[PDB]
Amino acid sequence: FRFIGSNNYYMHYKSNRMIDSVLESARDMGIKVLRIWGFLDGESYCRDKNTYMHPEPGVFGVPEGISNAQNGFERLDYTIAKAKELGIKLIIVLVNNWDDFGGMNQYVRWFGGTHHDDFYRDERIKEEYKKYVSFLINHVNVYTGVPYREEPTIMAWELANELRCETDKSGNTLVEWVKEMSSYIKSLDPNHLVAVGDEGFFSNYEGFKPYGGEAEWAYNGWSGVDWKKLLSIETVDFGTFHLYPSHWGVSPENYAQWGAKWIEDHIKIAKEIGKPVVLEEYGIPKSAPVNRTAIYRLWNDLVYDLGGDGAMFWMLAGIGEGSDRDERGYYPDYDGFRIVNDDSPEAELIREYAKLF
């Protein structure tokens, strides 16, 4: 099973019309897998979307006494039930490295810590994360009757979006946390694949250096991620990596070739370990002084020809509503990476590649 996929982060709090638009767009484009957020941590983040999943420790869903709110598990249930109908598989990510939708820092605030990376080390935090993941994995979808643990529309659980641990550049803190949490998830759910959800950084591997000497920090262990060690964990089934040369310090004239080397290096390493590998986010800013579609073509050709298992662009959006609606009625392109099901050369390329994978 090899695929073209995409990402969408608003499938757990937007309306039925907007969720149906994304999933129908995915089906129309041939996109087989969508990677979505399965978290909304913190009372202020929940209140901002009027949608609740984990507003305080041990509170899963809407707090007693709050009326007129959405329950993010109900919205995720709708998304799963619609994906099931439309034939789209989902990867569901269980916490954010970043502060959007609360993330690890929200857990650290609840438990009175003093650094983001306390999320990996404080046993009271680790316990709360497991309590949340167990609630979610066991949740019975109100539209299907099937608990997420048994739902084949979910392709994989992912531990943490773009996890980093800059305070331990040995990589050991993350190896230990990933071992613990991936084994924990396998103990709850022996049916589903588990992956980390990290960006794929290396930690000074002999013979692996960046194209052009740019973004050496992604190759030299600065973020505390040792991708090869994470992929060798028994309870991790496939490798994940992300690709954003414009964020990482690469020059525009080197975006294509830096990304090409990055893909080649990840596929070579995962093939030696013997596990599948997915490029599960990639993006070039719409305004880059290079041909974005031609870079995307290059990168998708490399994944396809080298035997990578999937390539998923960040990100797919559909129709918008209310304050998230642009000049064409779509959810806006806030970050410069949005693709929609239109006549753009990027949309045309994705449709073309979805026919090949």
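A residue's number is simply how far along the shown sequence it sits, counting from 1.
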On mean Cα temperature factor in this entry, is 211-219 or 240-248 the higher one?
211-219
Segment of higher mean CA temperature factor, 288-296 or 45-53:
288-296
Sorting 62, 316, 36, 312 by Cα temperature factor from the record, which one lands on top?
62
Quick check for you: using the entry's CA B-factors within this chain, is residue 109 in the lowest, middle or highest third?
middle
Ranked by Cα temperature factor within the chain, is residue 333 in the lowest third, the middle third or the highest third?
middle
B-factor third for the C-alpha atom of residue 127 within its chain
middle
Residue 190, C-alpha B-factor rank within chain (lowest, middle or highest third)
highest
Going by the recorded CA B-factors, say which third of the chain residue 273 sits in, lowest, middle or highest.
highest
